[PDB]
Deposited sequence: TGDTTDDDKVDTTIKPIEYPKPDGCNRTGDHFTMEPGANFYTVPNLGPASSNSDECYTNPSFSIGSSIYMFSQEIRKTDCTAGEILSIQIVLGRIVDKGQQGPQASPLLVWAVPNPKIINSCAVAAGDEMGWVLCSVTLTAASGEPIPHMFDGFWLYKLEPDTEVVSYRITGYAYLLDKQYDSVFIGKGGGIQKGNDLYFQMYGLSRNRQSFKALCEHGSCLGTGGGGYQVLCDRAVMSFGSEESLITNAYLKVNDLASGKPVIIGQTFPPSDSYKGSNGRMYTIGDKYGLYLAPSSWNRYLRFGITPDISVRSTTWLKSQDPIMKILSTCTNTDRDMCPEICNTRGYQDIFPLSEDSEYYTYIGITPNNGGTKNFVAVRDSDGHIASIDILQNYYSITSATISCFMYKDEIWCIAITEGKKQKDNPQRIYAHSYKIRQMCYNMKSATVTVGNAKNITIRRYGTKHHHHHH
């Protein structure tokens, strides 16, 4: 009862973030072990419960061994503070984390879901890295033992053969008897393609040089037969206890290099965020009425532009294609049915640290931003979910970062409201 799904609001009507950025302590637990990095959270809010997952890795945040994947089912509640607060209900770990490629969460009605892709295992039980051996799906519910669903070849179909599969850490959604997630990985290709290659004014050579770079940017180490692609995953047949997963791939002509994504419910339609993994660092966000590649329309707005965690050297203005890697994540949350209004967090490099802001983008392109997290040395990611709380739109933002320069990376939660105004 304390929160509800967002109700989009009904002279210039503008929206802006609230003045303050309140802490949401202990949304999930954390050890002080300086040799552990907490990274790649997934955060989903349903009707009242939330779902949260985090990878705990040894030493290295990017390639370090996954020591644990920790899951929290909780509730967003009022504890008499200035903003909404979190109450964990279940703290649980994914079995056999060394076999996991990645997992993400989806919050439902008094229950939550964890979808994980796994790699193959040797006879020793050790993982064979870079591979794919189907999925595990877990259903978490208070006062109910976790239900596990092993989903191997007989129970999934992908429109292309994937040698590796990673669930998009942004998370998934439940709609009725189905779950929807996003995944990315290595898919096999045998046909020619013309990769998406939208950019600004870029000085060319022969004229097709940038298109060649765009094609090569979606290939795996220069191989035309292994591409890094995105796919929608639909999880069918939940009530039967034998779920079936159907996957549908975005062609390179409709996507940049595959990356971590997120599914959204947007009124009676749906949304998709795709983090930049490559040379195109603008916002990549699609709206679809039925969750299909054919019906996914991309927002024209550019913000946020990913400016950290990239080997690219192109400009924010022209974004010229090149072979480079981007590893950040900064999603948005729609504040209107067409997502022409939305909130997000921006992050800019400041030598080893970052400067950060929370923002609302209005349908006319106006950006209302406020500097945030100035007491943090660096913030490197953001995922945002908003909802109704005490008769207003409130949001919770989950951010990886380092409080002080020498600290190990941790995951932090804050809240803020959305203000509605007329000028």
Give me the ranges of the deposited sequence that have no CA atoms here, in sequence order. 1-11, 22-29, 443-471
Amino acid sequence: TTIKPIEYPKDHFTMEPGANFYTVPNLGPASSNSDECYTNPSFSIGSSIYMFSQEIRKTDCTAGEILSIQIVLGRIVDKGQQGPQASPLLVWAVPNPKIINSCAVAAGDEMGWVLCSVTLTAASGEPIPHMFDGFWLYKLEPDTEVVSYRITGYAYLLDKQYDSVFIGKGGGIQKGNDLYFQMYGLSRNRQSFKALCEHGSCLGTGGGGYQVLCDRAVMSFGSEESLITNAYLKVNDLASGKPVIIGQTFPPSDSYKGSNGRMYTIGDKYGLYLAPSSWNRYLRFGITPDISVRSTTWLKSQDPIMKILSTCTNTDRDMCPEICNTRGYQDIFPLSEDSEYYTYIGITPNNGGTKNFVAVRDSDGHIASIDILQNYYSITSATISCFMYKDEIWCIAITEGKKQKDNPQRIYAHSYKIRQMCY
From here on, numbers count along this sequence of modelled residues.
Higher avg CA temperature factor (393-401 vs 52-60, as deposited) belongs to 52-60
Should the higher mean CA B-factor in the entry be assigned to 268-276 or to 307-315? 307-315
Maximum C-alpha temperature factor, selected from 159, 163, 331, 109: 109
Compare the CA B factors listed in the entry for 185, 142, 321, 84 and report the winner. 142
For the chain shown, is the CA B-factor of residue 363 in the lowest, middle or highest third of its modelled residues? highest
Lowest, middle or highest third: where is residue 78 by Cα B-factor in its chain? highest
Lowest, middle or highest third: which one holds residue 252 when the chain's residues are ordered by CA B-factor from the entry? lowest
CA B-factor ranking of residue 14, expressed as a third of its chain: highest
If you rank the chain by CA B-factor, which third does residue 28 end up in: lowest, middle or highest? middle
